[PDB]
């Protein structure tokens, strides 16, 4: 399928009109990954940093584009996003505990189309840890506590495996395009991984996607693949015929994955087990804005209140946004009787926080 990008422009830390902060352009939920994001100053183009291409569980992509510094001394900052699902470039102005382990794979049908044909990134608790592409075929760390606790023989061993998996992904892609009787620009995605619940429960998953839509889903309990297609059903019969491979996948997800997860958790016990509380700010521009800055972990709940019940009508959700420090921020708005009290409710460590915003 094809999905339009969702865009939000915000600052890392609350602006001070003198304190140089970081401008952020979060572009997420899009597919295909063909995109270019530009930060703007009164229309002019600014040199900005762009993060690695990252993947969500729903097969969509997301990028964090940020400028080195913005003091915000009486100017107009915006963002330019051009995508295949857009006719004209969209403009957005700036105005002011269960642990998991995931491994993704992104394959692009030949030729390059500008993008690396194969990309593999690993995540623990949505922290990037590993990276690999078909351009520079190298096992690379994306966390400090990853490289420091893994000897160079580990990355050399997996850089070889990845080269094998890269080639295998390329063949599977051609095999799919032939089955679907079409050629050209097509994408292929894989996501494997497990998660450790707070109580001790564990779960695991293996999924495949073609062109951003669900293709094959594996069930480790009944040792079977699920297909939602007449084409994906073909591969299902091939894969299910190999009972030993199905068994091997169950073992990896249940035993081997969990083992790796706990191993990496001990490595990053400092960053992954921490809790930083949110700083709540309230503003008005009618419309009342409630912000929450620099919290961790991402799990959070915010809602506006009226005397003092939750407001469902005329509200905006915002969603969980990356801050850039390794922390996160969100926001909730409400459009506006007599003598009514409007206050923002936030729960993190829970720990219920309330900030009184407005009254008559």
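Positions refer to the first chain, counted from 1.
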- Deposited residues missing from the model between residue 244 and residue 245 number none
- Looking at the deposited sequence, how many residues between residue 341 and residue 342 were given no coordinates in the entry: none, 1 to 3, 4 to 9, or 10 or more? none
- Taking the recorded C-alpha temperature factors, which stretch has the higher mean, 98-106 or 151-159? 151-159
- Note on the structure: Assert higher mean C-alpha B factor (215-223 or 197-205, deposited values) equals 197-205
- Top residue by Cα temperature factor, when 291, 31, 57, 47 are compared in the entry: 47
- Query: Of the choices 138, 228, 282, 168, which one's C-alpha carries the largest B-factor in the record?
  - Reply: 228
- Task: Sorting the chain's modelled residues by C-alpha B-factor, tell me whether residue 297 ends up in the lowest, middle or highest third.
- Result: lowest
- Going by what the PDB entry lists, where does residue 134 fall on CA B-factor within its chain: lowest, middle or highest third? middle
- Task: Would you check the entry's CA temperature factor for residue 239 and let me know if it's in the chain's lowest, middle or highest third?
- Result: lowest
- In terms of the CA temperature factor given in the entry, to which third of its chain does residue 87 belong: lowest, middle or highest? highest
- On the chain's distribution of Cα B-factors, residue 122 falls within the third called lowest
